[PDB]
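Heads up: the structure comes next, in structure tokens.
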RNA sequence: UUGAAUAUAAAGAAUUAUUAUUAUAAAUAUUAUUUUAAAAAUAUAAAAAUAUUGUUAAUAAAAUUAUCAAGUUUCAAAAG
Ligand SMILES: [Zn+2]
Ligand SMILES: [Zn+2]
Ligand SMILES: [Zn+2]
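Protein chains in written order, with the working numbering: chain A, 272 to 411; chain B, 107 to 162; chain C, 893 to 977; chain D, 7 to 101; chain E, 2 to 177; chain F, 26 to 126; chain G, 3 to 115; chain H, 1432 to 1645.
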């Protein structure tokens, strides 16, 4: 956000309900899975993990898109532990494998990440209401 | 709305229902003695706070 | 104060419809059908709080910037009216 | 039973990878059969071995739109109708 | 307290201790940065980090290449609960060439019992809306029949539904 | 409460949710979702699948009393009988899916 | 009976000038709570605004099912778990609305026939 | 909306009259107090389909059009469903947010031009199609003597050879005079009724028919 | 079920109580237990001008807040 500093929220670290009236923040029509590439249901569902990496544009009109089951590391094929992934040439790679490390099986759930669906886990960060200098508000 | 008055009124419709059989009048009938008689008393366990019990 | 699959609207919610607040079902005009709306942000209160002015909670710094775009710069159309009839 | 082989789940997932290799060269594409990168150390490509009773949340996905499922391999029950269908893959080449 | 060796998978949340520390959640995102950042943290997982000590001896060099994962068939055959003398990988195989098959340890089967009860949960929600997308979807479709049949009836019976006054109080477009 | 005497009655049963009369199996046919399954979505998951649940004791039905026959928990609550086909088909892992040898 | 709170009967004034409650009777409540209220026989020849009496049975439609007849059967178990005196067992709570009470009303909608 | 209350006298907009609203005269002494001028909570205007389906068919005719002289066009259609300059502007806010129209200041000039947005442009082309498909049914000439206007088929086709832009100029004022006669002998009177949706937002359902007075 | 066998609703604080038993899995069911015409204390505090520690053994680590809930500084004593 703009929110110069010392004005962002403090205890939960982020404001609830990012208002986005400036740009509507809707899921696009030419949308597709980053990892799998199959078209994604438009918006009627939460089967897709829509990671809008703040303002992304490059992965899609909005940010990366993944069906909940295509959200695995492509190279090692298990889950993306702690959900930090590494977009290796348009196929999300697990950070540890994508980083060169080799420990290649987790404990809890192997082939399905712990992620939230439809940005609901990604709305802890990124683009709160005053994105940019919107001083239209106080000016005449 | 008391309970005592609804219990006796349960009788004064049954008692006179039986009184009229004995020949007793339905109208001129009075209440001579209406007395309470101490009766059966169950014992229920009650569990007061802090490990003390006192039988309701 | 509520959006859409692709659009927006605005509405002040009461106490009675607090259930439908988060995600409502409504006629999306950038379509012709009822479509599920969300709650992009707050725009005030449905009544007064005790001992407080008319705008006790205040709409927002955010929902104002949504208003200042709808009414805002209408300078494209003070033509055909300004406020008259 | 006469010849209907008791096909364990491992098989009906090994007969899927074979059928998916057939459909590919039936689509005209290159049939990259999975178990022809499989050598004495496992996948020669240095990849993590794909273990066969594959989880339903890790289905082998080929971004070419090839469909193979349980409805596909259940008729290939007995020994004979695979030695002719997947003849080209189960048989090694001696030339 | 229900020793962790009893749970099919070790528990997700791991409660500790610390009279002077009150927080349920284990601090992940710190156990993650270490491990991803530092190679050494997690024991080498013998095989993928053996196969050196066997290349160096037989080739006179450092391997200098990415080691294959998925330990070769025939390695760790006397071990029984590998799971540590490996990564959490399965016991590799017999010394065979048969297609890889997961040795259905009690653990692997449990994971199957999750990825079916994950598909189960996401299916009981996916269609609790699909029918909630009929009830409210068709309630509106019907409610507009109501406002239509009310719309038709309120014209012949002339109930303008706008107060005790005539429309001459409306036409002013004041309050009155 | 239009009672004038509150009780286990004249407690207006749903003073909301006026959109009654849902034909589930009829609607379930439009969605093509196994009519026996859809109706299970709309009752506590205790009642249909093999899940840990809490039952009221009258719901359990009493032994054959001098006043009343043995009223089993089913013949008084038919739509609460668990459907263990629908459980197994959905919730438990079949020998088949992991048969490796 | 549940406490000495008084009970007033607040009713709107003149209903003979109404359109929805023209000649209804309120000397007694509806038999099953989804059944429309008894009418004064002297004005039995009254019909209603449709939007009022077509949305009512839309609401009253959910109690004419058996899923509510299960929630009715069930509730009588709750009130016994919470023990409330004088609650019949859910084994003798035969439904409110029934098929014998179906035949009259579908043939009481002869207007739309 | 009355003559002298909110507006100066004689500004009896010759557009679709509201139904049952008696237009009464107010003395030319009228003026609000310095505060009643502002309280004056108006009546909300329909912005639904029938105006938004009717406005766009205008802006589809006059694709680039200066906003100022826009209202002087909707008056011309026989199917004007618009009560006054206020109703147009509120519909024009609606159709603006829908994404249908898009105002751009006509750079060479200082006036905006309601440009039909290219996003939903191929929708209105179909939309103007159905109404015209359903409008030519009504006319008593379309079907009685179709050959009277078969004189028009060839002309306008060969008209678009030499003077197409100058042909309709006279045709524009011609209809503007012939739609007024109609608008004296029939108007689309708008009878509206409020109604509350399940979310408690009181709004008005509308409909329009043509009142025959002669 | 197509496995032989085997068995699937309910705890603990004395209770139908403070009480999500967090092994898991996600994410809009319009799932359904809370009497009532008053002022004292008291639990408690919405609201509200001045004053800022004069109260007290001693103010300042002391619930939540869309008015978005955070005192700054110096010295002395004091390890992990
Ligand atoms: Zn995907
Ligand atoms: Zn990986
Ligand atoms: Zn929309």
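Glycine included, each C-beta is placed from N, C-alpha and C at the ideal position.
Whole-angstrom C-beta distance between residue j and residue i, which should lie under 8 Å
i              : j              : result
residue 298/A  : residue 314/A  : 5 Å
residue 105/F  : residue 75/F   : Between residue 75/F and residue 105/F the Cβ distance is about 14 Å, and since that is not below 8 Å, they are no contact.
residue 341/A  : residue 365/A  : With a Cβ gap of about 13 Å, residue 341/A and residue 365/A do not count as contacting.
residue 46/E   : residue 49/D   : So it is not a contact: roughly 17 Å between Cβ atoms.
residue 1502/H : residue 1480/H : Not a contact, Cβ separation roughly 20 Å.
residue 98/G   : residue 74/G   : 7 Å
Contact test: residue i Cβ vs ligand 4 heavy atom, cutoff 7 Å
i             : result
residue 337/A : Absent from the structure shown: ligand 4. Ligands present: ligand 1, ligand 2 and ligand 3.
Chain-ordered neighbours of residue i on chain E, where CB pairs are closer than 9 Å
i            : result
residue 56/G : 146, 147 and 150
Cross-chain neighbours of residue i in chain H, by beta carbon under 9 Å
i             : result
residue 141/E : 1628 and 1629
Chain C contact residues for residue i, given Cβ-Cβ distances below 7 Å
i             : result
residue 283/A : What residue 283/A touches in chain C: nothing, since even the nearest Cβ is about 17 Å away.
residue 174/E : 977
Same chain only: Cβ atoms within 7 Å of residue i, ignoring 5 sequence neighbours per side
i              : result
residue 917/C  : 926 and 928
residue 42/E   : 35 and 36
residue 289/A  : 394, 398, 399 and 400
residue 104/E  : 91 and 92
residue 1586/H : none
residue 73/F   : 65, 107, 108 and 111
residue 95/G   : 74, 75 and 78
Amino acids of chain F, ordered along the chain, whose beta-carbon sits closer than 8 Å to that of residue i
i             : result
residue 121/E : 115 and 116
residue 15/D  : 121, 122, 123, 124 and 125
residue 100/E : Correct list: empty, because the minimum Cβ distance to chain F is about 10 Å.
residue 76/G  : 81, 84 and 102
Under 8 Å by beta carbon: chain G residues contacting residue i
i             : result
residue 154/E : 51, 52 and 53
Neighbouring residues, chain D, relative to residue i (Cβ below 7 Å)
i             : result
residue 171/F : Residue 171/F lies beyond the residue range present for chain F, which begins at 26 and ends at 126; the question has no answer from this structure.
8 Å Cβ cut-off: residues of chain C touching residue i
i              : result
residue 1534/H : 968 and 969
residue 84/E   : Correct list: empty, because the minimum Cβ distance to chain C is about 44 Å.
residue 138/E  : 917 and 926
8 Å Cβ cut-off: residues of chain D touching residue i
i            : result
residue 59/F : Those do not exist, as residue 59/F stays about 18 Å from chain D at its closest Cβ, beyond 8 Å.
9 Å Cβ cut-off: residues of chain C touching residue i
i             : result
residue 401/A : 953, 954 and 957
residue 126/E : Chain C residues near residue 126/E: none, gap ~14 Å exceeds 9 Å.
Sequence-distant residues of its chain with Cβ nearer than 6 Å to residue i (five each side left out)
i            : result
residue 93/G : none
residue 30/D : 37
residue 78/F : 71
Sequence-distant residues of the same chain with beta carbon closer than 8 Å to residue i, five excluded per side
i              : result
residue 1533/H : 1527, 1545, 1546, 1547 and 1548
residue 168/E  : 161
residue 26/G   : 17, 39, 40, 41 and 42
residue 89/G   : 78, 81 and 82
Proximal residues of chain H, C-beta to C-beta of residue i below 8 Å
i             : result
residue 977/C : 1432, 1437, 1438, 1473, 1515, 1516 and 1517
Within chain A, the residues that residue i reaches when beta carbons sit closer than 7 Å
i            : result
residue 54/D : 347, 348 and 375
residue 88/E : 374, 375 and 376
Residues that residue i contacts on chain E, provided the C-beta gap is smaller than 7 Å
i             : result
residue 366/A : 37
Contacts of residue i in chain A (Cβ-Cβ under 9 Å)
i             : result
residue 68/E  : 373
residue 933/C : 288, 289, 290, 291, 292 and 400
task = Tell me the start and end of each unbroken beta strand (DSSP E) in the region 76–131 of chain E that is at least 3 residues and wholly inside, in chain order.
result = none
inquiry  = If the cut-off is 9 Å on Cβ atoms, which residues from the region 290–322 of chain A count as contacting chain C, listed in chain order?
reply    = 290, 291, 292, 293, 295, 296, 297, 298, 313, 314 and 315
Residues within the region 89–107 of chain G neighbouring chain F, beta-carbon criterion of under 8 Å = 89, 91, 92, 93 and 94
key: Contact residues within the region 902–926 of chain C, judged by C-beta distance below 7 Å to chain E   = 917 and 926
request  = Please list the segments of the alpha helix (DSSP H) lying wholly inside the region 1529–1610 of chain H, counting only runs of 4 or more residues, in order along the chain.
outcome  = 1552–1566 and 1581–1593
query = Quick one, which residues of the region 24–53 of chain E are near chain A if we go by CB-CB under 7 Å, in chain order?
reply = 29, 30, 33, 37, 40, 43, 46 and 49
request  = Could you please tell me which residues of the region 59–83 of chain D, in chain order, have their CB closer than 8 Å to any CB of chain F?
outcome  = 59 and 62
ask   = Looking at chain D, which residues of the region 2–17 of chain E have a Cβ within less than 7 Å of any of its Cβ atoms?
value = none
task = Quick one: which unbroken alpha helix (DSSP H) runs of 4-plus residues sit fully inside the region 13–72 of chain E? Chain order, please.
result = 34–37, 47–50 and 56–60
query = Taking a cut of 8 Å between CB atoms, which residues from the region 332–363 of chain A lie near chain E?
reply = 339, 347, 352, 353 and 355
key: chain A contacts from the region 102–114 of chain E (Cβ-Cβ distance under 7 Å)   = 112
inquiry  = Just to confirm the assignment: which complete alpha helix (DSSP H) runs, minimum length 4, are found wholly within the region 28–100 of chain D?
reply    = 76–79, 86–89 and 93–96
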